[PDB]
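Chemist: Submitted below is the structure of interest, expressed as structure tokens.
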Amino acid sequence: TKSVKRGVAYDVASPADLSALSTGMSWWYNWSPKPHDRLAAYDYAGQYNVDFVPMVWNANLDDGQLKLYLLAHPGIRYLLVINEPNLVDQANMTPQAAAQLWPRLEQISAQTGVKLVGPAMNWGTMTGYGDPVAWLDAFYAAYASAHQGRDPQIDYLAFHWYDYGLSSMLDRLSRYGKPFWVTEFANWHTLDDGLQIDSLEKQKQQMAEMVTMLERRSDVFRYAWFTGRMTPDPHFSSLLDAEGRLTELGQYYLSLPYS
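With the deposited numbering applied, the sequence shown covers 31 to 289.
So this is what it looks like as structure tokens:
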């Protein structure tokens with residue numbers, strides 16, 4: 031038994047890594063429409079009690095291939111859409127470009143039953159749209175313009191955050207009246223102010239604070255820690271080390287209480 035909210039943002043490739051994660055982790059995603067090819071002939075849901083959630087990263091979408099996959103995996107009830115549109119190095123989609131895509135996503139929702147989770151917002155780099163509120167206001171106005179004043183279908187907003195104040199950013203984004211998935215988080219504060227996360231204890235402290243807060247929010251359905259492994263790892267953000275082995279952080283993550 032474990033939290034339905036608790037996930038990882040990582041392209042899990044190894045069944046051994048699922049053995050390690052699955053004691054506390056309910057789900058994962060890999061920024062892509064299908065799991066890693068290594069897992070194709072493994073019943074991961076039945077053996078590890080984990081689910082994979084597909085994602086449409088940007089407008090480069092093979093609608094037919096995704097529909098075919100979702101319809102044959104009716105256990106999949108959610109589709110993550112649009113990875114950080116206001117970041118030029120990520121989805122890099124203007125409000126209009128996202129409005130133009132959206133009916134294709136709504137069609138996939140009607141044809142398969144999946145709820146749309148996204149766009150996945152952060153503080154951005156796109157000219158004029160650093161503030162996710164400015165980007166989302168514009169996306170809502172663009173979509174409503176094209177559809178006789180109807181709002182875009184948003185079942186859940188998604189959010190990524192690598193700093194203090196995650197609860198304050200969710201409060202600010204509540205103005206849309208939508209619940210959230212927080213699909214990337216960790217604390218990567220770096221500036222020399224006393225708050226820099228420059229030790230494992232400090233990442234463990236901030237993981238406990240953030241996880242407790244996300245577990246206790248009724249408007250947060252799922253979250254995903256960033257990430258399984260990375261190198262270099264200056265904030266000690268990795269949950270995994272050797273194939274099939276947790277780090278101290280990973281063991282700690284899986285042990286945390288939940289609602």
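We treat Cβ as the ideally placed atom computed from N, Cα and C, and that holds for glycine.
Cα-Cα, which of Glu273, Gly258, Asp249, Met199 is closest to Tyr283?
Modeler: Walking along the sequence shown from the start, residue 283 turns up at place 253. When each option's Cα is compared against that of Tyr283, the closest is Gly258.
Chemist: Taking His265 and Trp218 to be in contact with their CB atoms under 8 Å, please state how far apart those CB atoms are, rounded to whole angstroms.
Modeler: Here residue 265 is taken as the residue at index 235 of the sequence shown, counted from 1. Here residue 218 is taken as the residue at index 188 of the sequence shown, counted from 1. Right, their Cβ atoms sit about 5 Å apart.
Chemist: Any beta carbon of chain B sitting closer than 8 Å to that of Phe256?
Modeler: Of the chains in the structure shown, none is chain B; there is only one protein chain.
Chemist: So, helix, strand or coil for residue 303, using DSSP?
Modeler: Nothing about residue 303 can be read from this structure; the chain reaches only from 31 to 289.
Chemist: Just the Cα atoms here: how many angstroms apart are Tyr194 and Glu245?
Modeler: Residue 194 sits at position 164 when you count from the first residue of the sequence shown. Residue 245 sits at position 215 when you count from the first residue of the sequence shown. Approximately 17 Å between the Cα atoms of the pair.
Chemist: Check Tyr72 in the structure and name its three-state DSSP category.
Modeler: Stepping through the sequence shown from its first residue, residue 72 is reached at position 42. Three-state DSSP puts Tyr72 in coil, outside helix and strand.
Chemist: For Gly148, which residues in the same chain have their Cβ closer than 6 Å to its Cβ, ignoring the five residues on either side in sequence?
Modeler: Position 118 of the sequence shown, counted from the first residue, corresponds to residue 148. Contacts found: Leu110, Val111, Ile112, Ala188.
Chemist: Suppose the cutoff is 7 Å on Cβ atoms and the five residues either side in sequence are ignored; what does the same chain contact list for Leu146 look like?
Modeler: As a position in the sequence shown, residue 146 is number 116, starting the count at 1. Contacts found: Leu109, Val111, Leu135, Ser139, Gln183, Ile184, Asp185.
Chemist: Using beta-carbon positions only, say whether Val83 and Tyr99 come within less than 8 Å of one another.
Modeler: For this step, residue 83 is matched to residue 53 along the sequence shown. For this step, residue 99 is matched to residue 69 along the sequence shown. No, the pair does not count as a contact, with Cβ atoms beyond the cut-off.
Chemist: My assumption, with CB atoms under 8 Å, is that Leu276 sits in contact with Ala50. Please give the rounded CB distance.
Modeler: To locate residue 276, count along the sequence shown from 1; it is residue 246. To locate residue 50, count along the sequence shown from 1; it is residue 20. Confirmed, about 5 Å.
Chemist: What number of angstroms, rounded off, separates the C-alpha of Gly224 from the C-alpha of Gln233?
Modeler: Taking the sequence shown and counting its residues from 1, one reaches residue 224 at position 194. Taking the sequence shown and counting its residues from 1, one reaches residue 233 at position 203. Each residue's Cα considered, the two are about 14 Å apart.
Chemist: If you measure from the CB of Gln281, is any heavy atom of the ligand NAP nearer than 7 Å?
Modeler: Because no ligand of any kind appears in the structure shown, any question about the ligand NAP cannot be addressed here.
Chemist: Round the Cβ separation of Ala121 and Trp87 to the nearest angstrom and send it over; I've been treating them as touching at under 8 Å.
Modeler: The residue given as residue 121 occupies position 91 in the sequence shown. The residue given as residue 87 occupies position 57 in the sequence shown. With a Cβ gap of about 6 Å, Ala121 and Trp87 count as contacting.
Chemist: Evaluate contact between the stretch 163-172 and the stretch 208-217, counting only Cβ atoms and requiring at least three cross-stretch pairs below 8 Å.
Modeler: At 8 Å Cβ cutoff, the stretches do not touch.
Chemist: Determine which residues share a DSSP beta bridge with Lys145 and list them.
Modeler: For this step, residue 145 is matched to residue 115 along the sequence shown. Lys145 is bridged to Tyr108.
Chemist: Please work out which residues of its chain come closer than 8 Å, Cβ to Cβ, to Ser197, disregarding the five sequence neighbours upstream and downstream, and give them in chain order.
Modeler: Here residue 197 is taken as the residue at index 167 of the sequence shown, counted from 1. Within the same chain, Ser197 has close Cβ partners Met243, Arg247.
Chemist: Taking the alpha-carbon of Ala128 as reference, which of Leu270, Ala150, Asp119, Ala272 has the nearest alpha-carbon?
Modeler: Locating residue 128 in the sequence shown gives position 98, where the first residue counts as 1. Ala128 has its Cα closest to that of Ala150, out of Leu270, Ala150, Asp119, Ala272.
Chemist: Please state the DSSP three-state secondary structure of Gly280.
Modeler: Walking along the sequence shown from the start, residue 280 turns up at place 250. Helix at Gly280.
Chemist: For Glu245, which of helix, strand or coil comes out of DSSP?
Modeler: Here residue 245 refers to the residue found at position 215 when the sequence shown is read from its first residue. Note: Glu245 maps to helix in three-state DSSP.
Chemist: Let me know if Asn90 comes out buried or exposed under the rule of 16 or more other beta-carbons within 10 Å of its beta-carbon.
Modeler: Here the question's residue 90 lines up with position 60 in the sequence shown. Exposed.
Chemist: Kindly list the residues whose CB is nearer than 8 Å to the CB of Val144, restricted to its own chain and excluding five residues on each side of it in sequence; keep chain order.
Modeler: Reading the sequence shown from its first residue, position 114 is the one you call residue 144. Taken in chain order, the residues that qualify are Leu100, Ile106, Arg107, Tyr108, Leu109, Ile138.
Chemist: Let me confirm a value: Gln95 is counted as buried when at least 16 other C-beta atoms fall within 10 Å, else exposed. Which label applies?
Modeler: Taking the first residue of the sequence shown as position 1, residue 95 is located at position 65. Exposed.
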